[PDB]
Amino acid sequence: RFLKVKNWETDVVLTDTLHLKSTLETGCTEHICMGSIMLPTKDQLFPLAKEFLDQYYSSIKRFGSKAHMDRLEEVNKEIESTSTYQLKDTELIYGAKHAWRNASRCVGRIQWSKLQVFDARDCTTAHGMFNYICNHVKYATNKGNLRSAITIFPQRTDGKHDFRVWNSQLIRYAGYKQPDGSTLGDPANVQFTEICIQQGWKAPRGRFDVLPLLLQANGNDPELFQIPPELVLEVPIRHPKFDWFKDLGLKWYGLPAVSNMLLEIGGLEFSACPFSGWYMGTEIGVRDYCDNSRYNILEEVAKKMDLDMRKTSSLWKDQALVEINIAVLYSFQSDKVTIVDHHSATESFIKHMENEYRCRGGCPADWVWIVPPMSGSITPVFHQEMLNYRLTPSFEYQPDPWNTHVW
Amino acid sequence: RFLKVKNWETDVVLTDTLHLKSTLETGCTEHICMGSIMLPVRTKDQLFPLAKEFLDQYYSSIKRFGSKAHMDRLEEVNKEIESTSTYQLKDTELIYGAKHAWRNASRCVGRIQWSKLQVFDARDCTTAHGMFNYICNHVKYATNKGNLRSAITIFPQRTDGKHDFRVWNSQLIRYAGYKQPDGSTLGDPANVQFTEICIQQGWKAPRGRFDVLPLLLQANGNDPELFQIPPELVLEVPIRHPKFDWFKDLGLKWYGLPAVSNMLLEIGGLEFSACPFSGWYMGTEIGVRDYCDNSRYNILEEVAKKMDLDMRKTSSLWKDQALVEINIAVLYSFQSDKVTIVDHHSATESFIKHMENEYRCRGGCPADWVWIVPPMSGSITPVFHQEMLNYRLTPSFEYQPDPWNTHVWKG
Ligand code: HEM
Ligand code: HEM
Ligand SMILES: C[C@H](O)[C@H](O)[C@H]1CNc2nc(N)[nH]c(=O)c2N1
Ligand SMILES: C[C@H](O)[C@H](O)[C@H]1CNc2nc(N)[nH]c(=O)c2N1
Ligand SMILES: CS(=O)(=O)C/C(N)=N\CCC[C@H](N)C(=O)O
Ligand SMILES: CS(=O)(=O)C/C(N)=N\CCC[C@H](N)C(=O)O
Ligand SMILES: [Zn+2]
């Protein structure tokens, strides 16, 4: 019931008690671990509301005050009458920060308390959503000095009036299937791109075409909008030693902004809650550029480096991988666009874990996601035992809207 | 029930039914995943079901389930248990058992090889000297002048827990570690405590950076005894780099034969507490972990210094750059000397093929992703993208506590 985690490089041992406050299920059982699986009424709402308000009032050190009991009454009263309730601004902000704090897959949580929350619950139309999102993009980008932000659209009602951003991220590149059988641009976005085209988007059919936004307000049919190009900061990729690197014609965008998740606070469900921070370099250099099902540039880069590609044991893939990732960090830094390397980020996360253990009694963490996709064991997180469990408020996956929506 | 796993790179989806045959616990629950935790005397009562389950599995494997030979063996084992409180495995069952413990080892990426395992039956051994002789033969056979062959040597099983056979070494071949008065460590820091024990037992330490440790062997619950492996049996590889001529001057070498000796082999409820086994190295074990872990030889700085990398900011990726060069050197050296080794690309690609074959022919393949994914270049290996299910099958290899913690010293 009190659980220990050991760091095997430092022998530091931490005791976790926070897991007892865990509510949602992991997918695992006593017989089987599913740790590496990517996706494992009024009666329901009151305990959920109560549990949240209790933690909220405890956090402002007013647990069991007349203000607390009054609010609990108030939220119960509103549920009994309307079947839902509305969060105070203070609760919304707390809930949002805590959903980030509880995100077991996020290595960047040392930042969790510095999150600008944009309350867009007064939004009613897709044009309204576009305005809120441009404002978020501009604020967060901050001319390259990135600031974490979330924009929160109105909460789910009967579930037939959902607000959704159909894009997986606010800013992403189009993917096209070609007569050739190959893919131009980002293969991850082939399906969404087709949905955009079918909805009327004029695709430039290039390698790095910034997708349009497909915004759904109030369960209505979604609409297309182009983000003003001047609000989309992009970084040309060059290498500090290889003058040829630029001829690869690579670029990426500065602002990572996940737009397809669901924010749950106090049992209320926010299906449109785009949030943004900044990149760890490996996300772009290792995953986006080198995944086989992504831009898959390893072959081309190794060729320019004139590495012996005959045998896997020459580690040509590993050498190219490093140089690609040096270029990504070099380019962002040269252009003064915030980016963090995996050494620095994982070091910060260890310090964050220690803070969380000291001040909160633990930190839910998913090792499979926290350890970077390159140079795993030379980062301190590789050697850190982590306990994974689900706390609320949370960010949850939700099904892609096109599978669900009724036209 | 049927459980699905997806490969997110290929979209291949596999279906697991083998998890239904799993009995032992994982450490996880519906409320908590312990997938990254390193470590999360039986009665006659519990022994016969364990034997029956194992013998049913054995007789099914040889297509003799429900045969007279099957039934007579169950009765024979049952009678032996009630009469003697334990039983003895037939040689065939021992071989099947040891191979299956390997097949079931969810943290092992090398399992494509599981069916080729040379099993040395050392159950007639009685003394530490007898153990030394068995182990020398295992080393020489497995080494095979660099053409490494997988092998296991199996000493007598546990009886009352007071007469255990144990190899105190964590591997048959490993380098000494010495803590210096100034707090620095000479040699391998992982082996400091064991080295101290060896010295206290009477080993004369050469006190260098790569001294092969003596064997410390316990037979029949007796106090352990020291022995030096003949150096001519210990194959070692000097580490050099194909392009960097200064790399040799780091003075690095490593041994060719990895031979884990501190695990317990469980077959049909019987416990083999001394069962050293060996295969061959994946390059990253040495080049990433043994050389570059901060708490091991820790060579990253020195290598990057010699490479003249920009070491003032982590964001130059100097550590990553040096890491690749070290790992190229390890593979180049082993290959140049004709000592078996496998790179992490080959080994993981082979593992995915193994895993797919196991799903099709066995109904599953328990695998621990945390351990299977290599410690460098994770996502450019196919295993990173493979969903895996981890569960415990028997026969199995288990951790056991270190014997210096439990041993009753006779004097
Ligand atoms: C400020 C700098 C941040 C850094 C460096 C960072 C880093 C990361 C990384 C590397 C991942 C793994 C992503 C992947 O492999 O696709 C991740 C996941 C995640 N992050 Fe953070 N993040 C940051 C900010 C934020 C913010 C502001 C939020 C929410 C307010 C957040 C919430 C999440 C969530 C929910 C996941 C898991 C998403 C999933 O399961 O796909 N992050 N983060
Ligand atoms: C033939 C070539 C083999 C290769 C390339 C190989 C590869 C590996 C690697 C890389 C690991 C993780 C090691 C670590 O990080 O410390 C491992 C673990 C393991 N292997 Fe294999 N292995 C091989 C043969 C064998 C054999 C012959 C056995 C037993 C018969 C075996 C049983 C195990 C077990 C039980 C583990 C988990 C050890 C632990 O939890 O500490 N392997 N193997
Ligand atoms: C199958 C496996 O769970 C999957 O590839 C995971 C592994 N670790 C990951 N880690 C991060 N940060 N992001 C990912 O997309 C993944 N993918
Ligand atoms: C805490 C964590 O479980 C621990 O460092 C593990 C991670 N994965 C590993 N994987 C392998 N192959 N070997 C190891 O020693 C480890 N160590
Ligand atoms: C998008 S975010 O909120 O800042 C969190 C983060 N840094 N990464 C999340 C997903 C981004 C994705 N891995 C990508 O490479 O585009
Ligand atoms: C030792 S073995 O049975 O061949 C399995 C294997 N390849 N590795 C297991 C342990 C070796 C250890 N990682 C080492 O670096 O010495
Ligand atoms: Zn688990």
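Don't worry about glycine lacking a Cβ; one is built from the backbone with ideal geometry, like all the others, and counts go over all protein chains shown. All of this is worked out from the model, or read from it or from the source named; none is laboratory data.
Brief remarks on what is shown
- Filtering B:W246, B:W254 for residues that are crowded, with 21+ Cβ neighbours inside 10 Å and away from ligand 4 (no atom under 16 Å from the Cβ) leaves a single hit, B:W254.
- Subset tally (residues that are of a type in the set (A, V, I, L, M, F, W, C) and farther than 12 Å from B:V330 by Cβ) for the stretch B:251-302: 14
- Subset of the stretch A:380-407 [away from ligand 5 (no atom under 16 Å from the Cβ) and within 14 Å of chain B (Cβ to nearest Cβ)]: A:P380, A:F382, A:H383, A:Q384, A:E385, A:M386, A:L387, A:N388, A:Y389, A:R390, A:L391, A:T392
- Contact map, the stretch A:282-305: first residue within 19 Å of A:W369 (Cβ to Cβ) and among the hydrophobic types (A, V, I, L, M, F, W, C), second residue part of a helix (DSSP H, G or I) and more than 13 Å from ligand 3 (Cβ to nearest atom), Cβ cut-off under 7 Å, separation 6 or more or different chains; pairs are A:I284/A:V328; A:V286/A:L321; A:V286/A:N325; A:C290/A:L298; A:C290/A:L321; A:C290/A:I324.
- Tallying residues that are more than 10 Å from chain B (Cβ to nearest Cβ) and surrounded by fewer than 17 Cβ atoms within 10 Å (Cβ to Cβ) within the stretch A:29-51 yields 7.
- Some residue of the stretch A:358-365 being under 22 Å from B:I380 (Cα atoms) and not assigned by CATH to the domain that holds A:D186: no
- When the residues of the stretch A:95-114 are filtered to those that are away from ligand 3 (no atom under 16 Å from the Cβ) and among the small types (G, A, S), the one that is surrounded by the fewest Cβ atoms within 10 Å (Cβ to Cβ) is A:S113.
- Some residue of the stretch A:99-109 being among the small types (G, A, S), within 16 Å of ligand 5 (Cβ to nearest atom) and within 14 Å of another protein chain (Cβ to nearest Cβ): yes
- Selection status of B:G287, surrounded by 19 or more Cβ atoms within 10 Å (Cβ to Cβ), within 17 Å of A:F382 (Cβ to Cβ) and more than 9 Å from ligand 6 (Cβ to nearest atom): yes
- The listed residue being more than 14 Å from B:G269 (Cα to Cα), surrounded by fewer than 20 Cβ atoms within 10 Å (Cβ to Cβ) and within 14 Å of chain A (Cβ to nearest Cβ), out of B:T92, B:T84, B:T17, B:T26: B:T17
- Test: residue in the stretch B:244-261 that is out of contact with any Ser or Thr (no Cβ under 8 Å at 6 or more places or on another chain) and more than 30 Å from B:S346 (Cβ to Cβ): no
- Taking the stretch A:57-76 as the range and being under 20 Å from A:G267 (Cβ atoms) and part of a helix (DSSP H, G or I) as the test, the residues that pass are A:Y57, A:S58, A:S59, A:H68, A:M69, A:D70, A:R71, A:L72, A:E73, A:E74, A:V75, A:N76.
- A:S293 satisfies every condition listed in (1) out of contact with any helix residue (DSSP H, G or I) (no Cβ under 9 Å at 6 or more places or on another chain); (2) within 11 Å of chain B (Cβ to nearest Cβ); (3) among the small types (G, A, S) except (1).
- Of the residues examined, A:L262 is not one that is under 30 Å from A:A217 (Cα atoms), in contact with a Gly (Cβ under 9 Å, 6 or more places away or on another chain) and surrounded by fewer than 24 Cβ atoms within 10 Å (Cβ to Cβ).
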